[PDB]
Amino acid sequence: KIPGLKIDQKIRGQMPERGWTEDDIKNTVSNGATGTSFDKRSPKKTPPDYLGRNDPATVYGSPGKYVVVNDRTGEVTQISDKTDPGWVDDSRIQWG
């Protein structure tokens, strides 16, 4: 899933604000799947098609410091804000 990873413009801009470099994302994914989830992103947040998502997803990392990846598209659904100690994991995440 590493070569297929897709980071859109939205995620790209959040990376520095949330403490993630592209290498960080890849290294975290390389540590193996740690949970599952669902990518239910709304249209506005699914470029370049903007049609929304409805797919099972895989979670890498740990609570507060994770990366969610859409199983069908390979897209990075979300990266948690590692600079926020009060970060609440997305409701769809199911830790293993």
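Don't overthink the numbering: it's just position in the shown sequence, from 1. For the two forms, the rigid core is made up of the largest set of C-alpha atoms that agree within 1.5 Å on superposition.
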Margin query: Given a rigid core fit, name the stretch, 21-29 or 83-91, whose C-alphas are on average farther from the form shown here in 4 other deposited structures of this protein.
Written below: 83-91
Item checked: Segment of greater CA departure in 4 other deposited structures of this protein, 50-58 or 63-71, core superposed -> 50-58
Item checked: Mean C-alpha B-factor comparison - 10-18 and 71-79, higher one -> 10-18
Next item on the list: Identify the stretch, either 38-46 or 61-69, whose C-alpha atoms have the larger mean B-factor according to the entry.
Entry: 38-46
Check: C-alpha B factor of residue 51, ranked within the chain: lowest, middle or highest third?
Finding: highest
